[PDB]
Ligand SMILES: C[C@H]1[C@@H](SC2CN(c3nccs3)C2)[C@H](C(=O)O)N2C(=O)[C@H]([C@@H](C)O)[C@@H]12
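Shown next as structure tokens: one chain only, the form solved without the named molecule.
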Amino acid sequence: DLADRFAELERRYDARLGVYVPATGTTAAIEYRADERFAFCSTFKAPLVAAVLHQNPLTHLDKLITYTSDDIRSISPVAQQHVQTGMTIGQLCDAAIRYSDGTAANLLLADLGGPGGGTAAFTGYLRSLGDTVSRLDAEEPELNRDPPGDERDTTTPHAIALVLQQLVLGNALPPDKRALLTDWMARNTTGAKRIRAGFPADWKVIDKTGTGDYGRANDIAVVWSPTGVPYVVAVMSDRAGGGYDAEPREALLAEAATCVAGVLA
């Protein structure tokens, strides 16, 4: 019914689209490939900073972290500007959410500590939320590179939407920490052509994007209707049929999102 447009959209872009909007009191859950595994790509950075916040007192945001140019291995628009000074955990969080900074995410994982540079603690962190499905296995940028069907570094639209749900609308974080996670997503700079572009402007949209190879383009978001009702939208997509080199298509995420808005209005 709405499945007919999502599959319609998949045909248009030669894509696989996963969509999840958790049910509220007034609205029914929206499921499209909701429980199929998609790659996190950079979408993991939002629950990752929640992993850091949850584990640490606010005072920890001021911990200065140093690193070398050798640590800068992926898209890091902020971390490159700070090889000489380093960054505090807080700005690493800021960098990780608002600019999808990959090196900043890697150091936050290292701050999570432990095996695989913190990927097991981060997976462990998702389990604490009730997400038994997801796993992060590599750091940036290898986690964007797993071949299709490989279960490493994947989540599901269902799984991630519910994780975000407790992070932003629930009680996964104390209120003062919840406020920090929400504002970074709210002033994120990377999702203007994705979920945000499909909803009317008078809807509020906070989001964290993800992009990888095989045409992988994700956006996880929390949106508020003009009346102020919150919904969570998971939109995930890849274009594996085109190989490692498949171009990501943002139009797919904006088009799909509009469909969601049409049903949520």
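Numbering starts at 1 and runs along the sequence shown.
Keep in mind that the form deposited with the named molecule bound is missing from the display, and what follows is about it.
Looking at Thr155, you'd find every heavy atom of it more than 4.5 angstroms from the named molecule in the deposited complex. Using a 4.5 angstroms threshold between heavy atoms, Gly118 stays clear of the named molecule in the deposited complex.
Taking non-hydrogen atoms only, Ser42 approaches the named molecule to within 4.5 angstroms in the deposited complex. In the deposited complex, at least one heavy atom of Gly210 sits within 4.5 Å of the named molecule. The partner is absent here, but in the deposited complex a heavy atom of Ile75, alone among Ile75, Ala138, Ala110, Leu173, sits within 4.5 Å of the named molecule. Contact with the named molecule in the deposited complex, defined as any heavy atom within 4.5 Å, is confined among 122-130, 173-181, 98-106, 160-168 to 98-106.
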